[PDB]
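These notes concern the structure reproduced below.
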Amino acid sequence: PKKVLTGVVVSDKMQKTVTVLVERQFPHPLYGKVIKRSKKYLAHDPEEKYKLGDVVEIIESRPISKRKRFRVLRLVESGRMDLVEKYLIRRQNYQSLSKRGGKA
Amino acid sequence: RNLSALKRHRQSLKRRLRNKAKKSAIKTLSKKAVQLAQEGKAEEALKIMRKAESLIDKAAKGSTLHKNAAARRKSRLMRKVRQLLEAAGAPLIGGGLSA
Amino acid sequence: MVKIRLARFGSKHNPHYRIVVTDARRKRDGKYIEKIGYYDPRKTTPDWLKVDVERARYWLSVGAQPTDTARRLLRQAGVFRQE
Amino acid sequence: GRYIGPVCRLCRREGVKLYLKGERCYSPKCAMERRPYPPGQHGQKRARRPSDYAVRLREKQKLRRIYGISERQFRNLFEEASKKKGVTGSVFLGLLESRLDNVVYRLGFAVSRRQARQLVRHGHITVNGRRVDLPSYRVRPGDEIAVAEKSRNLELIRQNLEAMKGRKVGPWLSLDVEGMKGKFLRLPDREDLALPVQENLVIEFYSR
RNA sequence: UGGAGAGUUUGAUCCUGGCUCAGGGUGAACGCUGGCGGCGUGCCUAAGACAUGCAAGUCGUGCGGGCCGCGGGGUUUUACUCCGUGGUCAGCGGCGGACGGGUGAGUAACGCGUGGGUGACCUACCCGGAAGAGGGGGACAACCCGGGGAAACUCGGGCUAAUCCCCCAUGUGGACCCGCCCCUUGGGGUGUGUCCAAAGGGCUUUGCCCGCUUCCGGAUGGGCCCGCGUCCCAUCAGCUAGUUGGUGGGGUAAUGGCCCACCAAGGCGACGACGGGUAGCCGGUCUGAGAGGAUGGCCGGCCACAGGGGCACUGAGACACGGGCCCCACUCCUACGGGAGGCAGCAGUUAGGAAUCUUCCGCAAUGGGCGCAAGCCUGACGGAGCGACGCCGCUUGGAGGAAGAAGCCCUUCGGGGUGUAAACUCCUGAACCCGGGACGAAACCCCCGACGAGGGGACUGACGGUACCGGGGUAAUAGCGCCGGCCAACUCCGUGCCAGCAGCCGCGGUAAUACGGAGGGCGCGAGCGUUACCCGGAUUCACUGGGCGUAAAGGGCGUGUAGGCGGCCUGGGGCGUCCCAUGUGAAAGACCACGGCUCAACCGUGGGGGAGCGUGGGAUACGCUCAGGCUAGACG
Ligand SMILES: [Mg+2]
Ligand SMILES: [Mg+2]
Ligand SMILES: [Mg+2]
Ligand SMILES: [Mg+2]
Ligand SMILES: [Mg+2]
Ligand SMILES: [Mg+2]
Ligand SMILES: [Mg+2]
Ligand SMILES: [Mg+2]
Ligand SMILES: [Mg+2]
Ligand SMILES: [Mg+2]
Ligand SMILES: [Mg+2]
Ligand SMILES: [Mg+2]
Ligand SMILES: [Mg+2]
Ligand SMILES: [Mg+2]
Ligand SMILES: [Mg+2]
Ligand SMILES: [Mg+2]
Ligand SMILES: [Mg+2]
Ligand SMILES: [Mg+2]
Ligand SMILES: [Mg+2]
Ligand SMILES: [Mg+2]
Ligand SMILES: [Mg+2]
Ligand SMILES: [Mg+2]
Ligand SMILES: [Mg+2]
Ligand SMILES: [Mg+2]
Ligand SMILES: [Mg+2]
Ligand SMILES: [Mg+2]
Ligand SMILES: [Mg+2]
Ligand SMILES: [Mg+2]
Ligand SMILES: [Mg+2]
Ligand SMILES: [Mg+2]
Ligand SMILES: [Mg+2]
Ligand SMILES: [Mg+2]
Ligand SMILES: [Mg+2]
Ligand SMILES: [Mg+2]
Ligand SMILES: [Mg+2]
Ligand SMILES: [Mg+2]
Ligand SMILES: [Mg+2]
Ligand SMILES: [Mg+2]
Ligand SMILES: [Mg+2]
Ligand SMILES: [Mg+2]
Ligand SMILES: [Mg+2]
Ligand SMILES: [Mg+2]
Ligand SMILES: [Mg+2]
Ligand SMILES: [Mg+2]
Ligand SMILES: [Mg+2]
Ligand SMILES: [Mg+2]
Ligand SMILES: [Mg+2]
Ligand SMILES: [Mg+2]
Ligand SMILES: [Mg+2]
Ligand SMILES: [Mg+2]
Ligand SMILES: [Zn+2]
């Protein structure tokens, strides 16, 4: 079965491509506590049909480009930057904890 | 010394010089056909295209191209010619092309 | 070319073969595709040759190609008897 | 190879009386009858309370020297007994008791276990027909253990199976003094055996 | 069915805590010692360098020749020449040389593992099905002739065969463009146009065998892609410009920045990017009560490599260990112009090292390549050799034999011990001798039969004259460590903080169970002990299973980002979680049973279990999520 995944479009800054942030939980192999963990897939969007904030499903596909191996299957729930927001802030903290520092 | 399957390298060289040639004809004629379709010269362009098709299918006859390779060639050729001719605003004057 | 042959499995001076289906290119004792019988050359026990002709008949039906000895045993097991 | 060397001294050290010989370890001789104390210079001085180790040590030594088997073999057997279903203690005794040499000793073909060993070694003993000469061979229930046709005329075997006329045999065995045959009926149980051994201690000795 | 702890901080105590020991393990090495057999195992260092032999070929049923020879013809003789046949040699052509064998350098990566995807693909030989092979043309070796080179080797001219190459036809069919239909990434169908087939050979010769062509299907093997998993250092924090995506094109069997041109300005990172270090990954293995830790050697699977670096050719498949080209290093030959090599194949040499074997036998068996077959090749393989290197099995004897020899040792001088030990008697009888002597081998092949099914016949073993069987037959190897506590085993003498011991505590400066010897003793035994390394004890990195007032350990305080965690009631979803069924979880190994070798080791057959992941179905208490409500937290 071609793998199907669900994540949030955290980037529509490309031509016919969207970055989908897929999240997944699971027990820690030794400590058992359930831990969240995520990943970004560059899904193909031929019709630039998906916008920043959409919760789409990604489908395993025949390679489209290096890095692109998934296609946007269908939209699950439109708009919701509450999720995108998280992502961006996590990003913002980066440029900080290097040579000088971040925020609070 | 001397492992007589030196014959193999002997043969390989001849086989090489053999494919080497067939592929050149192919390339050349293809260009020729393409170049003409470009010019808009209907008849002649197509005519040449047939030789091209022929040599290609023929190269695939032995082991100089075989199957897909040849199929890929033919498509890309008929592809370009069709387009170039249509663009040139030229009516396909017989020979080749299932128009 | 897939074949039906014998694979060494006994031990020094105590040979025991597994009638097997495998690609001709495999080691003789490497990964086979399917075991379809066994054979004890020295008949150390009453049951020194089992064959499961059902399966043999299948592999043969798909291009399996027995070794001259593998066939001898397959035959003995009635794999070819048509009657 | 097996021990060899003064035996009626192990008896002394082990305290208990081991029967590592025949006729004599019954005569008023087997040292335990004369000087029932360990060998060597200090054999008679007072003995200090033995350590838990010493206790477990000796117990094993005893049980083991009875069947005059090496530590290697003795240990392996133990590990097997340990791995099977059922009380290790009993099982272990059962396996030791299933050694061919022992069974031959049990049937009276031999005066002592050592003698039994040599009988088996010199092919004087047979198991279900085929002759076996492995003192370590494991007799299973059902096996008939006879004396070699060829050997049935050996003075010693005559003398022995003669004295056997009358003598009873373990409830897990059956002897046919007649044709010099014997049969292994079943694995003896701990209740069947009367060894001066505390198997619980031996099991513990290997716990450490 | 599974879990032991001890010594050592003190004058003593309790705690904390490190150190140390008893156990198991090994591709071992070293010391002393060493009798047999079976099975297994044996360069861990220089992926250093390698003499010599061997290690991949095979087809005369694809083709034409050269050389040596025999026979028969056309010849009155001669010259000249035709046919048949033996041997031999390459050459052309074909299939194999991409397997098998080796190694682990590199690689932290879709490399490997596990589960999936391929409407994005390939597959020689093999199997099933459908259809087909008509006509014509050419060339290059061999061979002949001439040239150049020291050699390796090469150049020119002439002739010639084929299942070598090409052209025309036939088009079952198939390929491409375009259209339409059904399907849904490039799947399947259909119409017009164009395009593409083939080779023959053998005969028990009008038939049968071997082969050839196009096409569909199968089978096997394989490419590519994806989820999850895969060591250390953050005293490595920012990395990236083919770099991220797009459009068109190239390239491939095929997707893809794989490559290119243009365009856009992106992509990755603390869930640790980038960088450094280390390392082939796995089934497994060792240890452990388990969880875990350590490991990847034999064997099996995958990857990578073939003196170092790069490259492509030929092919179904190679970027090709025993093929090619170039550059580099090193070695060898040279008339200095130029040539030749690559044992990480088998055996062997040499170097390094604490340390790792025979230049063995055989192709009989199993497996492989070529062949119609006979058969040929096979250092793959089956065996044998050497090494207690490991494991299992076995011997150096058995019974009797004194209130007790001798010697040695101790003594309270009475005696005690070594000791039934010996001597000695009887008994058996490993070695060794003699005789017999094998399974592993029945196929290919021949004959009958239809070259089928089936039936009959013939050839063939390195191991080996070995195993095993029978007769005869000799009492016939024992060593090593230890004895203060941990820890089983004590005395005398010598020595005098010396000489020495030592794993830890410690022992030795004249009464030492601790040093050396002796007597005695304990442990194990063809072994015993040491050194090294892994796990254990160590709940001493604590998930199971620890801690931080004074023992090591609370951040100098706050504000607060990410993140972790979240009160009560209802409803929806069903992601976590739980359940059932199903696929997968190779073999080997592990567990159990039965069985083969006299046992066992070792091995055969069968059975059982098995985490994780895929798919289908179900449950909804708790965690989650969405929607609604509450006021006990919080805030006002
Ligand atoms: Mg050839
Ligand atoms: Mg038990
Ligand atoms: Mg003190
Ligand atoms: Mg104390
Ligand atoms: Mg302590
Ligand atoms: Mg000739
Ligand atoms: Mg080939
Ligand atoms: Mg690295
Ligand atoms: Mg990966
Ligand atoms: Mg081929
Ligand atoms: Mg010429
Ligand atoms: Mg041809
Ligand atoms: Mg048709
Ligand atoms: Mg044609
Ligand atoms: Mg790129
Ligand atoms: Mg992440
Ligand atoms: Mg390495
Ligand atoms: Mg533990
Ligand atoms: Mg756990
Ligand atoms: Mg190829
Ligand atoms: Mg090839
Ligand atoms: Mg080829
Ligand atoms: Mg090919
Ligand atoms: Mg080739
Ligand atoms: Mg090929
Ligand atoms: Mg080929
Ligand atoms: Mg080929
Ligand atoms: Mg090619
Ligand atoms: Mg081919
Ligand atoms: Mg090669
Ligand atoms: Mg080589
Ligand atoms: Mg052979
Ligand atoms: Mg063969
Ligand atoms: Mg005696
Ligand atoms: Mg003690
Ligand atoms: Mg001195
Ligand atoms: Mg003194
Ligand atoms: Mg000491
Ligand atoms: Mg001393
Ligand atoms: Mg032994
Ligand atoms: Mg631990
Ligand atoms: Mg804890
Ligand atoms: Mg602590
Ligand atoms: Mg403190
Ligand atoms: Mg504070
Ligand atoms: Mg917060
Ligand atoms: Mg809650
Ligand atoms: Mg669920
Ligand atoms: Mg399952
Ligand atoms: Mg048995
Ligand atoms: Zn006694």
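Letters A, B, ... go to the chains of the structure tokens in the order shown; residues in each chain start at 1; ligands are counted from 1 in the same order.
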
Q: May I have the residues within 7 Å of ligand 42, computed using only C-alpha atoms (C1' of nucleotides) and all ligand atoms, as JSON, numbers by chain?
A: {"E": [542, 545, 546]}

Please identify all protein, DNA and RNA residues within 12 Å of ligand 47, counting only C-alpha atoms (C1' of nucleotides) and all ligand atoms, and report them as a PDB file with C-alpha atoms (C1' of nucleotides), in the first residue's frame.
ATOM      1  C1'   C E 565       2.553  17.850  32.056  1.00  0.00           C
ATOM      2  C1'   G E 566      -3.248  19.196  32.619  1.00  0.00           C
ATOM      3  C1'   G E 567      -9.778  20.199  36.920  1.00  0.00           C
ATOM      4  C1'   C E 568     -15.405  18.460  36.380  1.00  0.00           C
ATOM      5  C1'   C E 622      -7.846   5.912  29.775  1.00  0.00           C
ATOM      6  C1'   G E 623      -4.307   9.344  26.725  1.00  0.00           C
ATOM      7  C1'   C E 624      -5.506  12.295  22.090  1.00  0.00           C
ATOM      8  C1'   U E 625      -8.651  15.448  18.968  1.00  0.00           C
TER       9        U E 625
END

Q: Output the neighbourhood of ligand 28 as a VMD selection string, that is, all protein and nucleic acid residues with some atom at most 7 Å from the ligand, counting only C-alpha atoms (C1' of nucleotides) and all ligand atoms.
A: (chain B and resid 63 to 64) or (chain E and resid 314 to 315)

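One distance worth recording is that between CA of residue 20 in chain C and CA of residue 37 in chain C, which is 6.8 Å.
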
Q: Among the residues of range 18-208 of chain D, find those DSSP assigns to alpha helix (DSSP H) from the backbone and print them as a ChimeraX atom specification.
A: /D:52-66,71-83,88-97,100-106,113-121,155-163,199-205

(Q) List as a PyMOL selection string the protein and nucleic acid residues near range 146-162 of chain E, meaning an atom at most 6 Å away when only C-alpha atoms (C1' of nucleotides) are counted, but skip any in the same chain fewer than 5 places from it. (A) chain E and resi 63-64+335+339

**Q.** 8 Å contacts from chain C to chain E using only C-alpha atoms (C1' of nucleotides), as an MDAnalysis selection string
**A.** chainID C and resid 1:2 6:8 10:11 14 16 23 25:28 30:31 41:42 44:45 60:65 68:69 72 80:83
